[PDB]
Amino acid sequence: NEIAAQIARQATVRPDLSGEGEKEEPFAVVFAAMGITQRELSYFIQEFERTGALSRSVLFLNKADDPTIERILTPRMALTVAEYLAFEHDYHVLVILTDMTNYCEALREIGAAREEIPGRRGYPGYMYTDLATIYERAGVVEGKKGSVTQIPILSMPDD
Amino acid sequence: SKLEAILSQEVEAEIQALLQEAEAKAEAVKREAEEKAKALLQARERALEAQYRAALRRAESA
């Protein structure tokens with residue numbers, strides 16, 4: 001989380017070494033968070049208000065005690081706003097998708113409630129398709145000024 | 001006597017070398033203390049100026 005907040009507070013493009021002139025366009029930030037407890041949330045909002053970024057960011061928060069099925073809709077409505085702000089208003093949205101392992105265990109819960117055959121270790125067979133439909137909604141398009149850059153965070157279980 | 005004056009001149013040369021080395025080392029000590037008062041006056045001034053600037057940025061953002 002400290003590495004993601006450090007990247008979020010000091011990522012800048014270099015316009016002089018690239019050769020596209022200079023404007024220093026800063027980053028809008030879309031912060032989706034799925035099961036942040038209270039300590040991670042306190043660190044992120046104190047870091048954002050200390051660097052002065054909550055006037056450029058939009059946060060879709062989902063705490064650890066909130067219900068564990070709205071985690072399915074949290075990243076999709078974060079990236080809906082990210083695609084909107086980048087491709088219809090030409091921002092430079094950076095998307096911090098915290099703790100995707102909570103999203104994957106939420107879809108494991110809803111895919112084991114429906115008796116569906118799993119892939120490996122109980123996760124259902126369509127988890128590749130769900131993670132693809134979340135991740136692949138980023139990048140740059142042609143002739144338009146916008147961009148969606150993605151930094152997810154994963155907690156590898158047995159590292 | 002001749003070697004009397006030679007030995008007296010050798011003692012004077014030892015005193016002269018001692019005082020010249022004392023002047024050189026005292027100059028080096030006050031020089032390095034001057035650079036440490038210098039460059040410390042650089043570092044804390046730049047740090048406090050940057051703190052003032054970051055406070056102004058946070059105030060206008062708020």
# chains A, B, ... in the order shown; residues from 1 in each chain; ligands from 1
>>> closest_atom_pairs(of="chain A", to="chain B", cutoff="12 Å", atoms="only C-alpha atoms", output="CSV")
residue,atom,partner,partner_atom,distance
A:48,CA,B:58,CA,10.8
A:49,CA,B:58,CA,8.3
A:50,CA,B:58,CA,7.3
A:51,CA,B:58,CA,7.3
A:52,CA,B:58,CA,6.0
A:53,CA,B:61,CA,8.5
A:54,CA,B:61,CA,9.0
A:55,CA,B:61,CA,7.5
A:56,CA,B:61,CA,10.3
>>> write_last_selection(atoms="N, CA and C atoms", output="short mmCIF file (atom, residue, chain, number, x, y, z; two decimals), in the first residue's frame")
data_model
loop_
_atom_site.label_atom_id
_atom_site.label_comp_id
_atom_site.auth_asym_id
_atom_site.auth_seq_id
_atom_site.Cartn_x
_atom_site.Cartn_y
_atom_site.Cartn_z
N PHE A 48 -3.58 10.71 0.83
CA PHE A 48 -4.18 11.53 -0.21
C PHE A 48 -4.46 12.95 0.27
N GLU A 49 -4.95 13.12 1.50
CA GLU A 49 -5.18 14.48 1.97
C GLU A 49 -3.88 15.18 2.33
N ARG A 50 -2.80 14.43 2.58
CA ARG A 50 -1.53 15.07 2.85
C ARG A 50 -0.84 15.51 1.58
N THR A 51 -1.00 14.76 0.49
CA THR A 51 -0.43 15.20 -0.78
C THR A 51 -1.37 16.06 -1.61
N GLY A 52 -2.61 16.24 -1.19
CA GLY A 52 -3.54 17.07 -1.93
C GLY A 52 -4.02 16.43 -3.21
N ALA A 53 -4.73 15.31 -3.09
CA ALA A 53 -5.19 14.56 -4.25
C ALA A 53 -6.68 14.24 -4.22
N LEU A 54 -7.37 14.46 -3.10
CA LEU A 54 -8.79 14.16 -3.01
C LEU A 54 -9.66 15.14 -3.77
N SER A 55 -9.10 16.21 -4.32
CA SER A 55 -9.82 17.04 -5.27
C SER A 55 -9.67 16.54 -6.70
N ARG A 56 -8.82 15.54 -6.93
CA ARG A 56 -8.66 14.94 -8.25
C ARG A 56 -9.07 13.48 -8.28
#
>>> residues_around(residues="residue A:146", least_positions_apart="6", cutoff="12 Å", atoms="only C-alpha atoms", output="list in words")
residues 25, 27, 28, 82, 83, 84, 85, 86, 87, 88, 89, 90, 91, 92, 93, 94, 138, 139 and 140 of chain A
>>> residues_around(residues="stretch 95-99 of chain A", least_positions_apart="4", cutoff="9 Å", atoms="only C-alpha atoms", output="ChimeraX atom specification")
/A:1,4,8,28-36,75,78-79,82,103,148-155
>>> closest_residue(among="A:41, A:134, A:106, A:26", to="residue A:10", atoms="only C-alpha atoms")
A:26
